[PDB]
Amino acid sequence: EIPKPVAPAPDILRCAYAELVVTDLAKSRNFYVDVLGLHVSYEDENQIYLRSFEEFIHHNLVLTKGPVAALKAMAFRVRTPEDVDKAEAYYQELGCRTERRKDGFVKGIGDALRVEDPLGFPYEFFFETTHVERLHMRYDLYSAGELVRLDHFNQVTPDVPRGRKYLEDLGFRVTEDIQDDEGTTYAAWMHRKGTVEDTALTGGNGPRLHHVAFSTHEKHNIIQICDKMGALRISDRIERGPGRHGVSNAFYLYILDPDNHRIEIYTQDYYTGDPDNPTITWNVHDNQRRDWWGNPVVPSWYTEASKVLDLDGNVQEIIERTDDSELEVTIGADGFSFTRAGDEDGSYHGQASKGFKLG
């Protein structure tokens, strides 16, 4: 159990950007710029800095060339410069390794703290950032699949309750979770900015990065991404979806970048900003919890995720989950799911929904 520090938590606004290490920068730029339409804030031979249509901070995604694809940092914006000091004190009290750079780790960010957090994830906290042209009314640029915001991260970690407590102390509130009737938590979603999530925990071997999520305005924009992927004959890079989530109630799509970093495209979750926002707990065997329409969750969605780096840039060693596996208990050999609680009709025993089994 991760103790609550005496030192006050930094006041975190929102998820702000991810730095992903990529192996072939030109290939990755083709994906995020040509395919997905993100806007270039800056690039050179080593990095690409990208932002969403409605962003005014410098970037929402930095692609950094390196030998091993991995998450290098997941960055949260804090409310004041002094919150960066607070973050440093808070993580030092937690016994975590920290690194402070007054002029930033990446271009367009100023004073910044990176930490190896207690779950082994590389978090950044910053306030200072170079404002850029906010493109929110640049409909001359707007794509049929336009990514309008950065929405959230999702982290794979072996012990969800341990992580959840730590994130709650840091001021995130859990909006939804997935549990069973035997005490196991499989996943949790938690926010600062008043949407369903700024980050999220998925039970599994970790630390690994499950995905980064961008929003669109409307559901047809997500459909267009799928359609465009078909036209580009890269439909094999559509992992899962499109669908309606149970958890979050968002319309969603998961796609895979050239280094298999998973990207979620997301729209129309709900307001969570009230402090007594009702926490929704879904049962792990409810077949409408992940896809509301009951479509089966591909096994890769549970098993595959990106490496994460330490502050030296080396891959963090993976710690195996010992709690029950969501995959196993729902679609595995001894798995079970239901459409209606207590009804055998529309239930699935040892296989996935809709007539499929694990490959």
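Start at 1 and count along the sequence shown; that's the residue number.
- For the pair 158-166 and 235-243, the mean B factor over Cα atoms is greater in 158-166.
- As recorded in the PDB entry, 86-94 is the stretch of 86-94 and 196-204 with the greater mean C-alpha temperature factor.
- Note on the listed residues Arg262, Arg101, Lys228, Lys219: the highest Cα temperature factor in the record is that of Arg101.
- Compared with the other modelled residues of the chain, the Cα B-factor recorded for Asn46 ranks in the highest third.
- The PDB entry assigns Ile280 a C-alpha temperature factor belonging to the highest third of its chain's modelled residues.
- When the CA B factors of the chain's modelled residues are split into thirds, the value for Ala75 lands in the middle one.
- In the deposited entry, the Cα temperature factor of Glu304 sits in the middle third of values across the chain's modelled residues.
- Ranked by C-alpha B-factor against the other modelled residues of its chain, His191 falls in the middle third.
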